[PDB]
Every structure is written in C-alpha cells, then in structure tokens.
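These notes concern the structure reproduced below.
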Amino acid sequence: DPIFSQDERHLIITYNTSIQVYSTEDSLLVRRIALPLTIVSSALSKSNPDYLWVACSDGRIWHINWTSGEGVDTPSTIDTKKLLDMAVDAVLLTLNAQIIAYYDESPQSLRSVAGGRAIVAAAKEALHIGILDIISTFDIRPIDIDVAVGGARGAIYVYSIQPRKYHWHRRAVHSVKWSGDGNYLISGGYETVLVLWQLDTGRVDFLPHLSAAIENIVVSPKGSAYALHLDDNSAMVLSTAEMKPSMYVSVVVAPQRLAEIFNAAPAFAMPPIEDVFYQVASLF
Amino acid sequence: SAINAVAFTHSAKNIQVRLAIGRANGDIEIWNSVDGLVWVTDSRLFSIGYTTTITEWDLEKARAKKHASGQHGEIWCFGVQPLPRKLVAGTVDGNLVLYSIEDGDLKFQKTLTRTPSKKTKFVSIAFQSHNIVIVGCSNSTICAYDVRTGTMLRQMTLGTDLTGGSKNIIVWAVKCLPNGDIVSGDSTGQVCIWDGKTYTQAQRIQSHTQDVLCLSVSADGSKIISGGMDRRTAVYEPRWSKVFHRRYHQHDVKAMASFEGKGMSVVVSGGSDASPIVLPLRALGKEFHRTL
RNA sequence: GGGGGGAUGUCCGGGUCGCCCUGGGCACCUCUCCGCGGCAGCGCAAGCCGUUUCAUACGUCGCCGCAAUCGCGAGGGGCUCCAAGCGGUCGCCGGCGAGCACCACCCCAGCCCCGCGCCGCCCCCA
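Protein chains in written order, with UniProt numbering: chain A, 93 to 130, 143 to 194, 204 to 209, 216 to 221, 237 to 266, 288 to 298, 311 to 327, 346 to 435, 919 to 952; chain B, 14 to 25, 38 to 57, 76 to 85, 100 to 141, 152 to 305, 312 to 365.
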C-alpha cells in the first residue's frame, strides 16, 4: 500500500486519518493533505497523470494529488455496499460479494495485471484468473504470468498444475512480493525478519532484527530500494545491499627470408625474375 | 535391519516384475551386510556386501549362485550398461572394475583405469550413455570415463565444504537424465545438475541441510526425488527447482528406486528406520504408504 | 455431561424372605442453554458438530593495558576461614598488530578412531 513516485525521490503513505508524502532523499513529511472520515486503497493514476486514487470503506472515490492539495472535495458513490477492495489500471475496478468493473466464498483481495489486462481475484482458498492454504497476501509478475501466494501459515506457494512450497515463517506471512527482475522473492513475516528468498539456487538470506514490525512491504520502481511498512507506525526505505535505512518514518617481413630468396644460384643460374618476383610478391 | 539398496526388476501382460531389497543384516527380500544390488533384463540380480565379492543370486533356488571376486579391494558401487552388456564396479582403491556378463557367466573381466590418487574412493556410478560412465568420488570430484577406450573424461569438480569442519565434498549419489544431463547429489545437503554435452554444472540447488545419500529420477525426465542424511526427502521439477519436502522417513534415507509401469508409477524409499516406504510419482495426487 | 430416567444391571446396611421394595455407589442410552469452541445471511439473527510443514544475516580478527564489578580455588585449617593465583561482564573519545591465506598443490611424520596378525601374560585338558 505505500507507493513511490515516478521520479523516485517521493514516498507516499496513507494513515488512518490522512495522506502524507515524504522526501526519499532528505527529510520527513512534505504535505499534510486533508482526507476525512465523515480507508480501502490509494494507488497512482496510470496513463497520463500521477495524481492518486483513494477509496474509503464505503463508496467515496478520492481523485487527489500531491504537488498541490487539490482533490479534497470530489468523492463518488456509484456503488451501494461498503467497498472492500480496489484496483486501478489503464480504468478502475472495485471489489464489493462480487466485482464491479470499469462466486462462492468470502472475498479477501483483488489485484490487476498490466496492459494486456488480466484480473486476479482472491477469496480464502479460491483465486480467479481472468483473461480478456488459507491466503493472507500475494504478489505477481507478468511476462505469461507468475503468482506468489503467501498464507496464514509460513508457506509461500508459487504458481506459473502445481504450486511450490516456500515455507519459512513461524507465523503468518503478512507480505510476499516479487523482486525487481524476478530473481528473488522478497517476503516478510510477523517475526520481524525480512527474508530474501533466493528462488534461484534455492538459498535464503535475510535482514533479521528490526522493530517487531514487518507487514506491507513494497519494491522500488527500479531494482533499487525496498520500502517497508512497519507495524510500529513506521516506514523504512532501505537501499539494496546496504540493508541500511535511507528513510525512517515514524607488412612485417624479416629480411632474412628475402635474403633466403637471394642466397642460392648467385646471379647466373638463378630463376628468371618473373619467377623471382613471384617469390618476392608472394612473400609480400 | 536397515535398508541399504532397493531395485526394481524393470522400469517400463503378466510380465514378472519384482522388487529387490537389501537388508543390513545381509538379507535380501522381494516384494510384488549387503550394500548394493542391481537387476539385469535383456533377469537376475547381483549384490555386493562390503567385501570384494560381487555375487549373483538365483531366486527359485534362493541360494547365492555364481560368486565373483578379484584382486583390488572393497566394492563400493556397480551398475549395468544400457543398449545402443557388462558391469562396472568402482572400489576404495580408485579402481573401476569391469565384469563380464557374457551369456550366463559372471567373470572378473578387466580393470580399465584407476585414479592416480589412492585417496579417491569411488562412491556411486550412473551411466550418462551406453559406453561412457559417471562416477562420484570421495573428494569433491565426480568424473566421467569411456569404456570403449577406458579413458578419463572431464573431472567435474565440486567446491569445498563451506558449512563447517571438513574440506571434502563426499558425493554420495549420482544419477542421470534422459535429457542428457546428470544430477550429482553430493554431501553438505546440496544437489547440482551438471550439463552433459560439456560436462560442467548448470544449477546448484541447495535444499537439504545434511548430505543427500540417495536420489532417483522419473523415467520421463520430469521429477527428481532426493533423500538425505536428514529425515528428509524432496522433489524437484523444471533449469530446475524443488516443490516441497516432507519427512516421510524417520532415520536418514539411504536408497531410492522408481518404477513407471502397469498404471502404477511409484517410487520406493528405504533407510535406517527399518521401514520401507512407498510414494507415488503424482505427488499432488494422493497419500503414501509404508510396509514392514 | 448440569437435572436428565428406563423395576435398564449393579452390590452393601434393612424385611422370616417371594418376584421384590427401601438408603448409599456407579456402566448403557434420547433432550433446553452451555462445560467449550468450529460451519452457512445481514452493530446482530435462524440451523449443524465433537469429552504433516515450520526458529531469526552481513559487516574483522589476534594479543596486551586501565577502571568499576563479579566468580572459582589448588594448597592448607575446623557447610565455614585464609591465600598463591586465574578468568568473566560493562565502560574504555585505551593503545598495538595483521587482514585472500586457520587457503590451494604435494611430501614426511604425530594425536585420535577403525581393520588384521604376531608376540608378552593368564588358561583348561594333557
């Protein structure tokens, strides 16, 4: 749920009362932007702008931006039940028990698959792929798709029919995401350890000791810094392989061969110089 | 009491297929101190204990028919060739010893070649093709050979023992592929598929914590079943990855054997818990079974 | 299972004693909520059930010194007493030294563990 900027130096965090943007390079908060409760999601607008998209627990669609405070006045209430889940693409689609877009069990979450679109819906044990273990969280990578599902236990099933068990966590997982170029599976957990799943040669290497806080991790727009949401009301932009927080938020021819052309048969009884010239030019 | 070798009669009607186990007393038991056993088909089974004798076993007589022996020392591995027959049997002294299975007789035929280092004890073999051999070593090396000429192809040397203590990677199990690559199940828990055209490694899958003692492939080259000095077996699927690992067993797993015929594609494992335990190949299909 | 009650099938006090009943004890079996939690619609309704996986990184190591503090204890004396000594922890705006490499290749030995055969000794018949 925290989200970067298109030019990487701005972090974006929603709280239970407002929306706060941050400087990834230098300092703490930049804009206190008003967002009342008289919260489901906040992503960026996809095609032309980078404004925002916030959905509250019932239908009030905030289309609001940073670089201003504009957008504190215009919700939308086209849907009738309390909103559960929310995803934007380019074109908005909202999970209410079913979808409304522009089924047996209870819904959990819903995520969107890029430009040649696909939809991934998430109940407890069901998961709905749409072309045109008990779940906790999941991420995805396209190019033709790969889905990494976490779980209420420490099993991280991977799908590309058969899953793969990536079980480490001695409680629920709270965060599973694909890393960058898809080499690593960066996962988190309840037990403060941010595990780097190797997913190549099947090793594991991690960042163990932290502020008892790991849930809701996000990956940089490049292969760089991961930002961590943190259950002690903290976010943490960690650059990669530092694992140190950048942001805390609370014609060469030897002459002797031509001499060897002219050593034998001294002047007379030498071959005729058409032939001797063919020897010389054939040496060159 | 413990298992040390499992082998199926065939691996592909009322055709008599049987299962041959070797029990660590010295016993042999067949379902519908010995150390190794194979079959031969074109069907009779051959076994070794720790001594240098490689012996046939007649089944309807249930007596050790046609013992064979030799000069060198303790046989630690042997195996039979495929078709476009002999036996190849590697020992402690670094010899690999060819035995002849000319039509009915088990002869001490020939010792082709031997490593220069006497401290290279061979552990297992597998046949990459008809006439060329893959052998693990007690050092980090696994090594290919040709039996047309006896020659010594490329040493496929593993690393050091990083995880602590020892230096040498003792390669406990080696198997092959229908693709043409070869899996080496080494010590220190790891497995690694080595390429087959160039004889170099291509993937080093670390799954187990302690040394993989045995592994076996599917007959279609699809599922790889490892089993280690932990209580742990693990499966592998496509270059590769693992899927899961369940402690089916109770001691270390010491011997695998796979079969893919008669609508019953099972793989049977045994170790030192004295309990042979059978698995399907369709590991997401249903449960398993065990027999004692 | 709270109370459920079928002379069910049980003995010990009680009646000369027939089936038996009368106080104490429990094994079997069907209900309202729960003793307790698990499944299906909207802050809350209506109906069901029972007494195998998995654990927490790198970043640099060695020796010595100071300051607070703490422990053991040869050796000697009746759980206590003294003491030669020796270590640990926290601070060192203590200092010194070196960083693959305590590794690769090979050879000679040695500790340990394992094999096989001689002796050294003790045996029993003789």
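By construction, the Cβ of each residue, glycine as well, lies at the ideal position given by its N, Cα and C atoms.
Where residue i falls, given that 16 or more other Cβ within 10 Å makes a residue buried
{"i": "B:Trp-56", "result": "exposed"}
{"i": "A:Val-176", "result": "exposed"}
{"i": "B:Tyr-166", "result": "buried"}
{"i": "B:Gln-41", "result": "exposed"}
{"i": "B:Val-159", "result": "buried"}
{"i": "A:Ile-371", "result": "buried"}
{"i": "B:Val-250", "result": "buried"}
{"i": "residue 26 of chain B", "result": "Shown without residue 26 of chain B, the model has chain B running from 25 straight on to 38."}
{"i": "B:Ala-20", "result": "buried"}
Proximity test, Cβ basis, 9 Å: residue i and chain A
{"i": "B:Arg-299", "result": "no"}
{"i": "B:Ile-209", "result": "no"}
{"i": "B:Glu-360", "result": "no"}
{"i": "B:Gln-176", "result": "no"}
{"i": "B:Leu-229", "result": "no"}
{"i": "B:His-318", "result": "yes"}
{"i": "B:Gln-273", "result": "yes"}
{"i": "B:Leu-352", "result": "no"}
{"i": "B:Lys-185", "result": "no"}
{"i": "B:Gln-41", "result": "no"}
{"i": "B:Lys-335", "result": "no"}
{"i": "B:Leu-282", "result": "no"}
{"i": "B:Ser-314", "result": "yes"}
{"i": "B:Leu-357", "result": "yes"}
{"i": "B:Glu-304", "result": "yes"}
Pairwise C-alpha distance: residue j and residue i
{"i": "A:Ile-290", "j": "A:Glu-239", "result": "12 Å"}
{"i": "A:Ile-399", "j": "A:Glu-376", "result": "7 Å"}
{"i": "A:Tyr-369", "j": "A:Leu-381", "result": "7 Å"}
{"i": "A:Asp-183", "j": "A:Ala-194", "result": "21 Å"}
{"i": "A:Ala-315", "j": "A:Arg-349", "result": "9 Å"}
{"i": "B:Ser-76", "j": "B:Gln-195", "result": "29 Å"}
{"i": "B:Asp-297", "j": "B:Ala-49", "result": "19 Å"}
{"i": "B:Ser-24", "j": "B:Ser-314", "result": "25 Å"}
{"i": "A:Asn-169", "j": "B:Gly-288", "result": "55 Å"}
{"i": "A:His-414", "j": "A:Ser-364", "result": "16 Å"}
{"i": "B:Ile-199", "j": "B:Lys-264", "result": "12 Å"}
{"i": "A:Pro-153", "j": "B:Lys-359", "result": "52 Å"}
{"i": "B:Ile-291", "j": "B:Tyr-303", "result": "5 Å"}
{"i": "A:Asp-390", "j": "A:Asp-311", "result": "28 Å"}
Closer than 9 Å to chain B by CB, residue i
{"i": "A:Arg-124", "result": "no"}
{"i": "residue 222 of chain A", "result": "Since the model of chain A includes 221 and then 237 but nothing between them, residue 222 of chain A has no atomic positions to report."}
{"i": "A:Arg-355", "result": "no"}
{"i": "A:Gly-387", "result": "yes"}
Cut-off 8 Å between Cβ atoms - residues of its own chain near residue i, not counting five sequence neighbours on either side
{"i": "B:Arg-152", "result": "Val-83, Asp-85, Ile-168"}
{"i": "B:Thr-187", "result": "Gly-161, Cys-204, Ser-205, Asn-206, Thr-208"}
{"i": "B:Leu-140", "result": "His-197"}
{"i": "A:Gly-318", "result": "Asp-288, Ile-289, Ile-290, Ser-291, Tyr-324, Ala-357, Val-358"}
Best match in the options for proximity to residue i [C-alpha to C-alpha]
{"i": "B:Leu-225", "options": "B:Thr-265, B:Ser-289, B:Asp-172, B:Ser-207", "result": "B:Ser-207"}
{"i": "B:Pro-305", "options": "B:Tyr-107, B:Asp-278, B:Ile-272", "result": "B:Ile-272"}
{"i": "B:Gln-176", "options": "B:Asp-228, B:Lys-185, B:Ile-111, B:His-197", "result": "B:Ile-111"}
{"i": "A:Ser-419", "options": "A:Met-432, A:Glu-427, A:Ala-410", "result": "A:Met-432"}
{"i": "B:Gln-257", "options": "B:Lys-118, B:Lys-264, B:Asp-287, B:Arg-299", "result": "B:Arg-299"}
{"i": "A:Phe-930", "options": "A:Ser-435, A:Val-948, A:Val-113", "result": "A:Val-948"}
{"i": "A:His-359", "options": "A:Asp-416, A:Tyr-946, A:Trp-170", "result": "A:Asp-416"}
{"i": "B:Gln-277", "options": "B:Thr-108, B:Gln-268, B:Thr-255", "result": "B:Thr-255"}
{"i": "A:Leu-395", "options": "A:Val-378, A:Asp-294, A:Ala-410", "result": "A:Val-378"}
{"i": "A:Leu-129", "options": "A:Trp-157, A:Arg-123, A:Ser-110, A:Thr-386", "result": "A:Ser-110"}
{"i": "A:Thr-178", "options": "A:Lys-186, A:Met-190, A:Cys-160, A:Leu-187", "result": "A:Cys-160"}
{"i": "B:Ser-126", "options": "B:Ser-104, B:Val-137, B:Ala-119, B:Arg-120", "result": "B:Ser-104"}
{"i": "A:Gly-374", "options": "A:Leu-384, A:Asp-385, A:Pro-393, A:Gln-383", "result": "A:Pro-393"}
{"i": "B:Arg-221", "options": "B:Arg-320, B:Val-238, B:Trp-261, B:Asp-253", "result": "B:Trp-261"}
Cutoff 6 Å; reference residue i; Cβ partners in own chain excluding five residues on either side
{"i": "B:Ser-331", "result": "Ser-283, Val-340"}
{"i": "A:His-352", "result": "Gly-321, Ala-322"}
{"i": "B:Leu-365", "result": "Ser-348"}
{"i": "A:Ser-149", "result": "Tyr-155"}
{"i": "B:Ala-301", "result": "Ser-274, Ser-293, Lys-315, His-318"}
Chain-order list of residues whose beta-carbon lies under 7 Å from that of residue i (same chain, five-residue window excluded)
{"i": "B:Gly-157", "result": "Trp-133, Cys-134, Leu-163, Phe-189, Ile-192, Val-202"}
{"i": "A:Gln-242", "result": "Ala-256, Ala-257, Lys-258, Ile-290"}
{"i": "A:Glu-117", "result": "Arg-101"}
{"i": "B:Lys-185", "result": "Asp-160, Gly-161"}
{"i": "A:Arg-251", "result": "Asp-193, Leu-266"}
{"i": "B:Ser-285", "result": "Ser-331, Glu-333, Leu-354"}
Distance cut-off 8 Å: residue i Cβ against heavy atoms of the ligand MN
{"i": "A:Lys-407", "result": "Ligands in the displayed structure: none, and consequently the ligand MN is not present."}
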